[PDB]
Each structure stands twice: as structure tokens, then as C-alpha cells.
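Asks: Okay, handing you the structure first.
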Amino acid sequence: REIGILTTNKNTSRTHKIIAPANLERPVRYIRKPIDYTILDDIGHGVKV
Amino acid sequence: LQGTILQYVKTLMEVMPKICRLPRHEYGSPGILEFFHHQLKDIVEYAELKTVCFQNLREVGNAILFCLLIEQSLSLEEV
Amino acid sequence: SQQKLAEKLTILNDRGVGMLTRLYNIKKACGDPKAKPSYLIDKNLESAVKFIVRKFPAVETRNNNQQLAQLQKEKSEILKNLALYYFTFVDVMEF
Amino acid sequence: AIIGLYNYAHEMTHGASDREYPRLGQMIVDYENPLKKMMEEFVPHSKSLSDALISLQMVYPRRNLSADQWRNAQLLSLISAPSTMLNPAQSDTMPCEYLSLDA
Amino acid sequence: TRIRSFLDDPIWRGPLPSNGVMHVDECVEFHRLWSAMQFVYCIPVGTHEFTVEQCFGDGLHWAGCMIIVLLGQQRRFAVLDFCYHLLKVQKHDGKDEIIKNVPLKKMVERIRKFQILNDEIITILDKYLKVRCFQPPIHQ
């Protein structure tokens with residue numbers, strides 16, 4: 001008890017060298033599309049056509 | 001800390017320069033050394049510095065080092 | 001006011017960066033001999049590819065002169081593996 | 001090789017070349033020394049491009065200084081003038097200050 | 001922490017900065033006094049005398065760096081320091097002469113050694129110990 005005055009809990013924890021995500025980066029396919037010039041008209045004061 | 005060291009700190013604070021800029025690179029290394037040596041002349045020539053201030057500072061540092069090392073040894077025996 | 005210069009510029013810049021990425025990957029895949037398409041290294045297609053390249057813009061199927069006989073039996077595969085590269089080049093042209 | 005070989009496969013399978021083969025081949029054979037053609041292609045745009053480029057005299061040369069000139073101006077130093085450590089750093093051409101030099 | 005509780009005198013921390021951020025060219029804080037003392041004991045001595053590490057060892061620096069760190073002045077000390085500044089400039093221009101019987105190259109070498117030691121001590125002390133916003137201008 002006498003020595004306990006000078007003490008304080010130290011923060012040390014166990015961990016792993018690497019921790020992986022719950023769900024990995026599932027890859028996605030490349031689907032070709034043409035250049036669509038009408039995809040920014042809902043941002044700001046758009047000018048449709 | 002609240003005794004002799006405090007008094008020497010107060011005295012040397014009185015003796016220290018009021019303003020001290022860090023010169024620019026263009027001033028040179030020799031010029032900067034000369035400037036520093038001129039500005040801190042009173043501290044450099046203080047006789048009691050190395051024989052009293054440093055002694056008390058050494059005492060304080062030795063005390064804290066002893067606390068650290070004794071804690072390490074205690075842990076090593078506990079394990 | 002109907003030119004939509006801002007939007008057109010914004011769209012085309014992203015498109016250009018994407019095309020650059022794709023074309024860089026095509027270049028890298030075509031550089032190392034162990035990753036280019038299998039048809040550019042086969043020994044029996046060498047004559048066919050040399051003939052095709054020697055007159056690239058023009059198509060001269062009929063009157064092949066047996067410089068394309070081999071290519072006529074892997075066509076279902078040629079047309080199915082080189083599709084990605086061809087359409088990347090097409091998209092470069094459209095951009 | 002890739003373009004011609006795909007086009008031939010398509011021709012043999014269907015009897016007609018792909019839609020885009022003619023223009024695609026023309027592009028490929030035109031930009032074989034791409035800069036020699038792109039130089040002739042940008043004569044019409046010369047005036048506008050020149051304006052946009054001459055506009056850079058006010059940003060490039062002063063951003064491309066040496067290290068000695070940087071030391072003289074004490075660039076990026078908070079403590080150079082301690083009396084103005086709260087003033088907001090600002091300039092008229094704010095975006096031009098952190099624009100990549102390689103670009 | 002207990003030792004930090006002992007530095008309650010106002011001399012250690014000084015008065016509030018004029019510009020409202022931090023002192024730069026003033027010498028009213030303990031870390032500038034310690035910079036001056038460092039300048040004092042980084043000067044080469046005569047053969048008939050004893051060096052600081054011959055007489056005091058490493059406890060002197062442990063005490064000084066502890067005082068600096070507890071007051072929270074470690075980073076200001078690193079930025080603002082006469083010896084470190086001299087070392088930096090001399091490294092830049094690579095000069096070597098004698099000023100008031102103090103060789104320059106030897107002095108910078110000693111300064112570098114002590115810089116290494118001080119960095120180590122400060123790092124250990126920081127390890128064992130584990131915002132003032134400002135207003136933008138107002139239009140007249």
C-alpha cells in the first residue's frame with residue numbers, strides 16, 4: 001500500500017502484426033461506356049443541353 | 001529546485017540579454033560565433049556557474065536517474 | 001451559355017487520365033515476353049502477322065496465298081482474346 | 001499487329017470489317033511520329049494556346065528560383081517576423097502558390 | 001508529475017508573449033537560459049582544466065532536459081537555440097577559424113555530440129509522459 005502511491009496503470013496491449021478487413025476488396029469488371037456530357041447537371045446550377 | 005537553483009535562475013535571468021535574434025545564414029559562422037560570444041559574455045564570465053549551478057543540476061539529474069534505474073531493477077526482480 | 005465549356009473540360013480531363021492509365025497498362029503487358037498475348041509469340045503465326053503488319057491499313061483476306069491459312073482456324077479465339085485491346089484503342093480514338 | 005489481327009478475325013467470322021477499323025487504322029498510321037503531326041494540327045489553336053502560355057510569365061519564373069534566393073526571402077518561415085505570426089498568409093494568386101512545378 | 005508540481009514560480013515560464021503566440025526573440029523563459037548554459041559548456045577548455053563530462057557526467061543534462069520537458073518547452077527549445085543554430089549555419093557554409101580563442105570546427109563537433117545526447121534524453125522523457133484557436137480578420 002505504501003509503494004502503491006507512486007504507481008500508475010501502464011497502457012500496453014496485445015496485437016497482431018497484420019489485421020485483415022472483414023470483407024476484402026472484391027474486384028469489379030470493366031464495362032465500356034461512351035462519354036456522357038450530362039452527368040454534372042445536378043451539381044450547382046446546371047445547364048441541361 | 002525551489003531553493004538554490006531558483007535563486008541562480010533568477011540571478012542569471014537578470015544577467016541575460018533582453019533580446020537575442022538568431023542571425024541569418026548570410027552573417028557567416030565566424031560572425032555568428034562572435035555575436036553569440038559577445039551577447040552571452042556575462043553568463044560566460046560568471047564564476048560561480050560551473051561550480052554551483054552545474055553541481056546542483058547534476059544532483060537533481062542523478063536523483064531522477066536513480067529513480068529510473070531502481071524501478072527497472074525492481075521490475076527485473078519481480079519478473 | 002449553351003456550350004457547357006466547364007462541364008466538357010471537367011469530363012474530358014477525367015476521361016483522358018483514364019485512357020492514359022489503360023494505355024500504360026497495355027504497354028506494360030506488351031513489353032515483357034511472358035505477358036504479351038500468346039498470338040504475338042507463336043512460331044506458326046509469324047508469317048500471318050508479318051503479312052498483316054506489312055500492309056496494316058488494308059484488309060486483303062481473299063487471295064491470301066496461304067499466308068493466312070493458320071489464322072483461319074483460331075479466329076474464334078483471336079476475336080475473343082484481343083477484344084479488350086482493340087476496344088481500348090477504339091476508345092482512345094473516340095477520346 | 002493487334003489491330004490488324006483482330007480486324008481480320010472479325011472479317012473472316014462475319015464477312016465485313018469492324019465498324020471502326022478504317023478510322024482507327026488511319027489514326028494509327030497518321031500519328032506514327034505523333035509530335036510532327038500534332039504540330040501541324042495546332043496551327044489554328046496557336047493564338048489561344050499562346051495566350052494561355054504567356055499568361056504564365058507571372059508565376060513560373062518566380063516559382064523556379066534557386067536556394068540562395070529562397071534563403072534571402074526566408075521562404076516558409078513562421079519566425080522570420082515574429083510580430084505577424086497571427087496574420088493570415090495570403091496572396092492574390094492563391095492557387096498559383098501551391099501549383100506543381102513539374103506540371 | 002510530482003516534480004512538475006514543484007515549478008510553480010512564475011520565473012520558469014515567464015510572462016505572456018506580446019504577439020499572443022510565443023516568444024521568439026526574447027529570453028524570458030527557462031529554455032533560453034539553458035541554451036546559454038549549453039553555449040557555456042560546449043566551448044573547448046584548456047588542458048589544465050576539466051571538461052563537463054569529466055566532472056558532472058550525464059546527470060547535468062538529464063536535469064536540464066527534464067526541466068525543459070516538464071514545462072512543455074522542448075519544441076521551442078529545439079527550434080530556438082544558439083548552439084543548434086550555429087551548428088546548422090556552420091554545416092551549411094563549412095567554415096573554420098578561431099574566434100576569441102575558440103576553434104570553430106571543434107566547437108561544432110562538440111555541439112553535434114551534445115545535440116545527439118539531448119535528443120535521446122528528450123525522447124525518453126516524452127515517451128514516459130505518453131487547443132488555443134485564433135480569430136480571422138474582421139472587415140472594418
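Quick note on naming: the chains in the C-alpha cells go A, B, ... in the order shown, residues restart at 1 in each chain, and ligands are numbered from 1 in order of appearance.
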Where in chain A does DSSP assign helix (DSSP H, G or I), given as a list in words?
Replies: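 Residues meeting the helix (DSSP H, G or I) criterion: residues 3, 4, 5 and 6 of chain A.
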Asks: Could you write those residues out with N, CA, C and O atoms, as a tab-separated table (two decimals), in the first residue's frame?
Replies:
```
chain	number	residue	atom	x	y	z
A	3	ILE	N	3.90	1.64	-1.21
A	3	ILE	CA	4.51	1.86	-2.52
A	3	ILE	C	3.48	2.15	-3.60
A	3	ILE	O	3.82	2.70	-4.64
A	4	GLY	N	2.21	1.79	-3.38
A	4	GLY	CA	1.21	1.98	-4.40
A	4	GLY	C	0.89	3.43	-4.71
A	4	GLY	O	0.27	3.70	-5.74
A	5	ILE	N	1.28	4.36	-3.84
A	5	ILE	CA	1.01	5.77	-4.09
A	5	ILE	C	1.74	6.24	-5.33
A	5	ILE	O	1.24	7.08	-6.09
A	6	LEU	N	2.94	5.72	-5.56
A	6	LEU	CA	3.80	6.18	-6.64
A	6	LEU	C	3.49	5.51	-7.97
A	6	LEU	O	4.16	5.80	-8.96
```
Asks: Please identify every residue of chain E that has at least one atom no more than 10 Å from any atom of chain D, counting only C-alpha atoms, and report them as a list in words.
Replies: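 Only these qualify: residues 18, 19, 20, 21, 22, 23, 24, 25, 79, 80, 134, 135, 136 and 137 of chain E.
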Asks: Got a sec to pull out which chain B residues are within 10 Å of chain D, counting only C-alpha atoms, and send them as a PDB file with C-alpha atoms, in the first residue's frame?
Replies:
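Generated output (out.pdb):
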```pdb
ATOM      1  CA  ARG B  21      17.920  37.318 -32.517  1.00  0.00           C
ATOM      2  CA  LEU B  22      19.242  34.284 -34.349  1.00  0.00           C
ATOM      3  CA  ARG B  24      20.743  34.922 -40.774  1.00  0.00           C
ATOM      4  CA  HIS B  25      22.859  32.430 -42.683  1.00  0.00           C
ATOM      5  CA  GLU B  26      24.419  35.269 -44.668  1.00  0.00           C
TER       6      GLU B  26
END
```
Asks: Report as a Markdown table: every residue of chain C with an atom at most 8 Å from chain A, its closest pair of atoms, and their distance in Å to one decimal, counting only C-alpha atoms, with rows sorted by chain and ascending residue number.
Replies:
```
| residue | atom | partner | partner_atom | distance |
| --- | --- | --- | --- | --- |
| C:2 | CA | A:49 | CA | 6.7 |
| C:4 | CA | A:47 | CA | 7.3 |
| C:7 | CA | A:40 | CA | 6.7 |
| C:8 | CA | A:37 | CA | 6.5 |
| C:11 | CA | A:37 | CA | 7.0 |
| C:15 | CA | A:35 | CA | 7.9 |
```
Asks: For those residues, write N, CA and C atoms to a file as a PDB file, in the first residue's frame.
Replies:
```
ATOM      1  N   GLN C   2     -24.764  27.922 -73.820  1.00  0.00           N
ATOM      2  CA  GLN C   2     -25.140  26.551 -74.126  1.00  0.00           C
ATOM      3  C   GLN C   2     -23.954  25.700 -74.549  1.00  0.00           C
ATOM      4  N   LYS C   4     -21.443  24.771 -72.552  1.00  0.00           N
ATOM      5  CA  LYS C   4     -21.077  23.880 -71.458  1.00  0.00           C
ATOM      6  C   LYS C   4     -19.572  23.633 -71.420  1.00  0.00           C
ATOM      7  N   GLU C   7     -18.222  22.016 -68.007  1.00  0.00           N
ATOM      8  CA  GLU C   7     -18.538  20.606 -67.842  1.00  0.00           C
ATOM      9  C   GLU C   7     -17.779  19.751 -68.843  1.00  0.00           C
ATOM     10  N   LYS C   8     -17.687  20.207 -70.087  1.00  0.00           N
ATOM     11  CA  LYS C   8     -16.976  19.436 -71.094  1.00  0.00           C
ATOM     12  C   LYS C   8     -15.517  19.263 -70.707  1.00  0.00           C
ATOM     13  N   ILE C  11     -15.211  16.779 -67.742  1.00  0.00           N
ATOM     14  CA  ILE C  11     -15.427  15.394 -68.144  1.00  0.00           C
ATOM     15  C   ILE C  11     -14.226  14.872 -68.919  1.00  0.00           C
ATOM     16  N   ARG C  15     -11.605  11.607 -68.400  1.00  0.00           N
ATOM     17  CA  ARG C  15     -11.528  10.586 -69.437  1.00  0.00           C
ATOM     18  C   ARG C  15     -10.101  10.409 -69.929  1.00  0.00           C
TER      19      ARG C  15
END
```
Asks: With a cut-off of 9 Å and counting only C-alpha atoms, select all residues of chain D in contact with chain C and give the selection as a count of residues only.
Replies: 24
Asks: Between atom CA of residue 71 of chain E and atom CA of residue 12 of chain E, measure the distance and give it in Å to one decimal.
Replies: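 Value for the atom CA of residue 71 of chain E-atom CA of residue 12 of chain E distance: 7.8 Å.
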Asks: Can you work out which residues from chain B touch chain E at a cut-off of 6 Å (counting only C-alpha atoms) and hand them back as a list in words?
Replies: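 In the required form, that comes to residues 19, 20, 21, 25, 29, 44, 57, 58, 60, 61 and 62 of chain B.
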Asks: If you keep C-alpha atoms, can you produce a file of those selected residues as a compact mmCIF listing (two decimals), in the first residue's frame?
Replies:
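So part.txt came out as:
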```txt
# COMPACT_ATOMS: atom_id res chain seq x y z
CA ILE B 19 16.67 40.47 -26.84
CA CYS B 20 18.70 37.98 -28.87
CA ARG B 21 17.92 37.32 -32.52
CA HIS B 25 22.86 32.43 -42.68
CA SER B 29 29.69 31.12 -38.97
CA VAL B 44 30.26 33.08 -19.94
CA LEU B 57 21.80 20.40 -11.59
CA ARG B 58 23.98 17.29 -11.51
CA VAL B 60 18.92 16.68 -9.49
CA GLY B 61 19.72 14.66 -12.59
CA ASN B 62 21.42 11.93 -10.58
```
Asks: Could you write out as number ranges by chain the residues of chain A within 12 Å of chain E, counting only C-alpha atoms?
Replies: A: 5-8, 10-12
Asks: Report the distance between atom CA of residue 123 of chain E and atom CA of residue 75 of chain E in Å, rounded to one decimal place.
Replies: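 Between these atoms lies a distance of 11.3 Å.
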Asks: Mind checking which residues fall within 8 Å of residue 32 of chain B, counting only C-alpha atoms, ignoring those fewer than 4 positions away in the same chain, and posting them as a list in words?
Replies: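 In the requested format, the answer is residues 23, 27, 28 and 36 of chain B; 86 of chain E.
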Asks: Could you check how far atom CA of residue 95 of chain C sits from atom CA of residue 9 of chain C, in Å to one decimal?
Replies: 12.2 Å
Asks: Find the residues around residue 92 of chain D up to 12 Å (only C-alpha atoms counted), leave out those fewer than 5 positions away in its own chain, and share them as a list in words.
Replies: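 The residues that qualify are residues 58, 59 and 97 of chain D.
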Asks: List as a list in words the protein and nucleic acid residues near residue 43 of chain B, meaning an atom at most 10 Å away when only C-alpha atoms are counted, but skip any in the same chain fewer than 2 places from it.
Replies: residues 12, 13, 15, 16, 17, 37, 39, 40, 41, 45, 46, 47, 48 and 49 of chain B; 33, 36, 37, 39 and 40 of chain E
Asks: Can you write out the residues you just picked, keeping N, CA, C and O atoms, as a CSV table (one decimal), in the first residue's frame?
Replies:
```
chain,number,residue,atom,x,y,z
B,12,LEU,N,20.6,34.7,-13.0
B,12,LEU,CA,21.1,34.6,-14.4
B,12,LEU,C,20.0,35.2,-15.4
B,12,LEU,O,20.4,35.8,-16.4
B,13,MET,N,18.7,35.1,-15.0
B,13,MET,CA,17.7,35.7,-15.9
B,13,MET,C,17.9,37.3,-15.8
B,13,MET,O,17.7,37.9,-16.9
B,15,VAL,N,20.8,38.7,-15.5
B,15,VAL,CA,22.0,38.9,-16.3
B,15,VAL,C,21.9,38.7,-17.8
B,15,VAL,O,22.7,39.2,-18.5
B,16,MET,N,20.9,37.9,-18.2
B,16,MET,CA,20.8,37.5,-19.6
B,16,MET,C,20.4,38.7,-20.5
B,16,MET,O,19.8,39.7,-20.0
B,17,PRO,N,20.7,38.7,-21.8
B,17,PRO,CA,20.3,39.7,-22.6
B,17,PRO,C,18.8,39.8,-22.8
B,17,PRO,O,18.1,38.9,-22.7
B,37,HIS,N,29.1,35.1,-28.6
B,37,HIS,CA,30.1,35.2,-27.5
B,37,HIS,C,30.0,36.5,-26.9
B,37,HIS,O,30.2,36.7,-25.7
B,39,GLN,N,27.2,38.5,-26.9
B,39,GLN,CA,25.9,38.6,-26.2
B,39,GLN,C,25.9,37.9,-24.9
B,39,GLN,O,25.3,38.5,-23.9
B,40,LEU,N,26.4,36.7,-24.8
B,40,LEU,CA,26.4,35.9,-23.6
B,40,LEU,C,27.6,36.1,-22.8
B,40,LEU,O,28.0,35.2,-22.0
B,41,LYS,N,28.3,37.3,-22.9
B,41,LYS,CA,29.6,37.5,-22.2
B,41,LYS,C,29.4,37.4,-20.7
B,41,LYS,O,30.3,36.8,-20.0
B,45,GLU,N,31.3,34.6,-18.3
B,45,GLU,CA,32.2,35.0,-17.3
B,45,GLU,C,31.7,34.8,-15.9
B,45,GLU,O,32.4,35.2,-15.0
B,46,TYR,N,30.5,34.3,-15.7
B,46,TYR,CA,30.0,34.1,-14.4
B,46,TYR,C,30.8,33.0,-13.7
B,46,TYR,O,30.9,31.9,-14.2
B,47,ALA,N,31.5,33.4,-12.6
B,47,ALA,CA,32.5,32.4,-12.0
B,47,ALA,C,31.7,31.3,-11.3
B,47,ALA,O,32.1,30.1,-11.5
B,48,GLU,N,30.7,31.6,-10.6
B,48,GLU,CA,30.0,30.5,-9.8
B,48,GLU,C,29.2,29.6,-10.6
B,48,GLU,O,28.7,28.6,-10.1
B,49,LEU,N,29.0,29.8,-11.9
B,49,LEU,CA,28.2,29.0,-12.7
B,49,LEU,C,28.6,27.5,-12.7
B,49,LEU,O,27.9,26.7,-12.0
E,33,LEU,N,17.7,30.2,-21.0
E,33,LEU,CA,18.8,30.2,-20.0
E,33,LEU,C,19.6,28.9,-20.2
E,33,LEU,O,20.8,28.9,-20.2
E,36,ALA,N,21.9,29.2,-23.1
E,36,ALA,CA,23.1,29.9,-22.8
E,36,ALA,C,24.0,29.0,-22.0
E,36,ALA,O,25.2,29.0,-22.3
E,37,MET,N,23.5,28.2,-21.1
E,37,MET,CA,24.4,27.3,-20.3
E,37,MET,C,25.1,26.3,-21.2
E,37,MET,O,26.2,25.9,-21.1
E,39,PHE,N,25.8,26.8,-24.4
E,39,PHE,CA,26.8,27.5,-25.0
E,39,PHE,C,28.1,27.6,-24.1
E,39,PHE,O,29.2,27.4,-24.6
E,40,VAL,N,27.8,27.8,-22.8
E,40,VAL,CA,28.9,27.9,-21.9
E,40,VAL,C,29.8,26.6,-21.9
E,40,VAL,O,31.0,26.6,-21.9
```
